[PDB]
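In: this one's experimental. Sequence and coordinates below.
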Amino acid sequence: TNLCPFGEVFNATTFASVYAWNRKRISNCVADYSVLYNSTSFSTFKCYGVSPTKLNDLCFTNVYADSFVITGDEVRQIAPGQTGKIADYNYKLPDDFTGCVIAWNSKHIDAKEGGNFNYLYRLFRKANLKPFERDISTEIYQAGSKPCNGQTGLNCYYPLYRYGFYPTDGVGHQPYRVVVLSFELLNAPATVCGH
Amino acid sequence: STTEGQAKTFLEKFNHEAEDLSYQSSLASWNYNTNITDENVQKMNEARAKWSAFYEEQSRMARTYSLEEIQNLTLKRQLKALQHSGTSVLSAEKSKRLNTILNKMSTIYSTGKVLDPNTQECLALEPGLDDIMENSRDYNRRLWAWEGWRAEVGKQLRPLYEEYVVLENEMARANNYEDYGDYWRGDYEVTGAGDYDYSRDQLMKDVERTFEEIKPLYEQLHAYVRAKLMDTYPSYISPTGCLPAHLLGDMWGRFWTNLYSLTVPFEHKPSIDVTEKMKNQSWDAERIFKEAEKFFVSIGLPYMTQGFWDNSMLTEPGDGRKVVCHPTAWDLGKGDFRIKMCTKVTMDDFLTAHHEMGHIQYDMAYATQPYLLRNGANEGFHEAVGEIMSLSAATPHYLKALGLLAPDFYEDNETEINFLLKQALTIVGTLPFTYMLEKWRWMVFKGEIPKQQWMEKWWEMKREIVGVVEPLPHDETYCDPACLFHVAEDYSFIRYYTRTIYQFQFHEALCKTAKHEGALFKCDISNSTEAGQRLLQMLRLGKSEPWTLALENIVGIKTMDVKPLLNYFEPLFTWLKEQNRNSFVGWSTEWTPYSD
Ligand SMILES: *[C@@H]1O[C@H](CO)[C@@H](O)[C@H](O)[C@H]1NC(C)=O
């Protein structure tokens, strides 16, 4: 009867780059999701499965809290059946997704004058990601026919790049911290319940 | 695999690098256009150096994908725009020479100073020596300021401008253009789009045809203004001669705005200038731009971003240093929009604010386009969008409903003529000036004007086309073209001509959407979402479509037409026709203020 460590997920000092999105497994604990909803400190809190008001009265065998940072414009891609750079090459939610996408504006932490470049995203990849896939490779993407020999050049570009987060950017280009909560339901008994 | 796919991949890479580099360059330029310190000049130059080198590299990269093997048209357009070296096609020596020439010319312009023979009181174009040209009625002061400017600052620019023409002609010819003027006309070019194409000399022809149609209105405005000014300058103006250049309202005669005081038709009825009422209701620049935002919102357009209000400089730096005041609208990228304008509590800056915020509205509209397609269709589409806002915002009504024109005030025949005469002094007066200046530039670049007649032909063209004569005979030592801002800092000028033509097609089609009744000049598009919806269908395009089309998305046509301009000013046309039924409409190019 211990509490779920959602605090170290949402209140984490640094988040992951979206290409290397960070997963935490949540088990053997009691969660009060209604406090996460009624925090009202979020710009996006969209549940594509259960109603956010209710999950305090539900049990699951496991919860997966994925977290990363993207641009505000890109937050619409953290959803089922979305295309674009984040949903194709970085973080692809499945079509039958049954969790919630939470996201808030992290201007006051993840941006700074001169440029916060800590955060990356994958720009090229030979094919799209499978649901909940995670690719952290830094192999040179070969756009043309000549091999790249592990160095950038003509038709050879390093796959990952950086978000330049400046405090004077537009809201579409401001850093947003994203946490996706996935609720899984196997015949296994439930180690995560509301209340 | 295919070449078009590699082109897509390369363009994506370019987009994501160029966002950051553009924001660096724009932010350094903003910090210098707001702090103006040696340090800021250095940072500005370094950011722009990184930026320009990245472009030379990326243009070399983009030429490696042949346009021949590409079919998706937006990709083709981004690659064509990316495949252009500009000044880079010159040798390193020639490019550095050209950049130093541009720098010296710009600094000569910005720091040029002359001294009142009276005392010394050196006065630079800024405030004084401009204040004179806009406020003085003393013939001698105007003449001294005009001639001293064109002698003390123009004579410095003459050899620099000669070498400038030489080098930049070499640049254009290296880019397979026939001359630098054709290199500028290449903005309106449209290729590979059936029924929508457009050539670089078709602009020549269309501009000259539209100006042929403009000439009668301008001739009668010229006759009437010459009549009023002859009333106020008896011994100085021939009734059949051309207008002396130094008596035109500003340092060049670019706009006849400041002549309203001496030329207003009905001087005993409410003159249209809220300059006082704004002062009496205690308006600041904050209120001015808030009202502009309210205007745009009333039409279906979004509010300004909060970053706009926080980062923009709307007021002369109270205790900061320098700061350039030329009203400019900044699209730094990364959703960051700002406006730099040393706003005064006047009607003039009140209209300029709507103009610049319309620029920003365009920038915000096409911000979803790829970075290479984030621009007004041609060089003019931006300025015409800016000007239709001032057209609407200057209407007696708009000022009435804004609480800046006494609601108890009748839009009678005579106030409408007064408003038309002011609007024509500003808009119509600049058209022959602009066409003539750009024509002179075009001929100098094409090589049709020899150096030893450069100015002789400058003034002939002033007498013939503009109806304006120099008050002092100028030898080729002078360089009066380079005495205007845009000439001395390498800016195309025909964009203001084409702005004025497009802005009345737009403003007609938008006033048809807004269900406006009466003469087109009294139109107000406020409170009409159908008008703004129609305008956004073009704005959001950016240049992802040849301007011909965008233009169809508003006015339905794809041609440059003066007929809307003439419909706007038709009432003042007939009134001027009546107030000249017994005057001499036209001018003789022989009379000068110095031939007796
Ligand atoms: C994070 O900190 C807030 C206090 O600002 C606290 O109310 C909350 O419980 C913490 N954890 C989460 C998951 O929000």
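Out: The structure has been received and is ready for your questions. Numbering: from 1, shown residues only, chains lettered A, B, ... in the order given.
In: all strands of chain A, in order?
Out: Here chain A has its strands, by DSSP state E, at A:22-26, A:29-30, A:44-47, A:59-60, A:62-71, A:100-105, A:120-122, A:141-142, A:156-157, A:160-162, A:175-184, A:192-193.
In: need the ones you listed in JSON lines (columns: mean neighbour count and distance to chain B).
Out: Just so you know, the C-beta spots here come from the backbone N, C-alpha and C atoms, and that holds for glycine as well. Formatted as JSON lines, these follow (neighbours: other Cβ atoms under 10 Å in any protein chain shown; distance: least, Cβ to the nearest Cβ, whole Å):
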{"stretch": "strand A:22-26", "mean neighbour count": "15", "distance to chain B": "23"}
{"stretch": "strand A:29-30", "mean neighbour count": "15", "distance to chain B": "39"}
{"stretch": "strand A:44-47", "mean neighbour count": "17", "distance to chain B": "18"}
{"stretch": "strand A:59-60", "mean neighbour count": "20", "distance to chain B": "38"}
{"stretch": "strand A:62-71", "mean neighbour count": "22", "distance to chain B": "9"}
{"stretch": "strand A:100-105", "mean neighbour count": "22", "distance to chain B": "12"}
{"stretch": "strand A:120-122", "mean neighbour count": "23", "distance to chain B": "9"}
{"stretch": "strand A:141-142", "mean neighbour count": "17", "distance to chain B": "8"}
{"stretch": "strand A:156-157", "mean neighbour count": "20", "distance to chain B": "5"}
{"stretch": "strand A:160-162", "mean neighbour count": "18", "distance to chain B": "6"}
{"stretch": "strand A:175-184", "mean neighbour count": "22", "distance to chain B": "12"}
{"stretch": "strand A:192-193", "mean neighbour count": "18", "distance to chain B": "39"}
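In: turn these into TSV, including distance to residue B:123.
Out: Formatted as TSV, the strands of chain A follow (distance: least, Cβ to Cβ, whole Å):
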stretch	distance to residue B:123
strand A:22-26	65
strand A:29-30	78
strand A:44-47	58
strand A:59-60	79
strand A:62-71	50
strand A:100-105	50
strand A:120-122	55
strand A:141-142	61
strand A:156-157	56
strand A:160-162	50
strand A:175-184	50
strand A:192-193	78
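In: for chain B, what is the nearest residue in chain A?
Out: residue A:170 (1.5 Å; Cβ to the nearest Cβ).
In: for residue B:307, see how far away that residue is.
Out: 6 Å (Cβ to Cβ, to the nearest Å).
In: quick check: neighbours shared by those two?
Out: B:335-337 (Cβ atoms under 8 Å, 6 or more residues apart in numbering or on different chains).
In: and which of those residues is nearest to the ligand?
Out: Distance to the ligand across the shared contacts of residue A:170 and residue B:307 (Cβ to the nearest ligand atom) is lowest for residue B:335, with 28.0 Å.
In: so what's the closest one closest to, chain neighbours aside?
Out: residue A:170 (1.5 Å; Cβ to Cβ, 6 or more residues apart in numbering or on different chains).
In: next: residue B:451.
Out: Closest residue to residue B:451 apart from its sequence neighbours, by Cβ to Cβ, 6+ apart: residue B:162 at 6.2 Å.
In: following the helix or strand that neighbour falls within, which helix or strand comes up?
Out: Assigned by DSSP states H and E, residue B:162 belongs to helix B:154-174. Note on helix B:154-174: by DSSP H and E, the next helix or strand toward the C-terminus is helix B:180-185.
In: any idea how far that following helix is from the chain center?
Out: 17 Å (Cα atoms, centre = their mean, to the nearest Å).
In: name the helices or strands packed onto that helix?
Out: helix B:154-174, helix B:430-446 (3 or more Cβ pairs under 8 Å, 6 or more residues apart in numbering or on different chains; DSSP states H and E).
In: count of neighbours near residue 88?
Out: All of this is about chain A. Residue A:88 has 16 neighbours, counted by other Cβ atoms under 10 Å in any protein chain shown.
In: you looked at the wrong chain, it should be chain B
Out: For residue B:88, using other Cβ under 10 Å, the count is 19.
In: contacts only, for it.
Out: Residue B:88 sits next to B:55-56, B:59, B:95 when contact means Cβ under 8 Å, 6+ apart.
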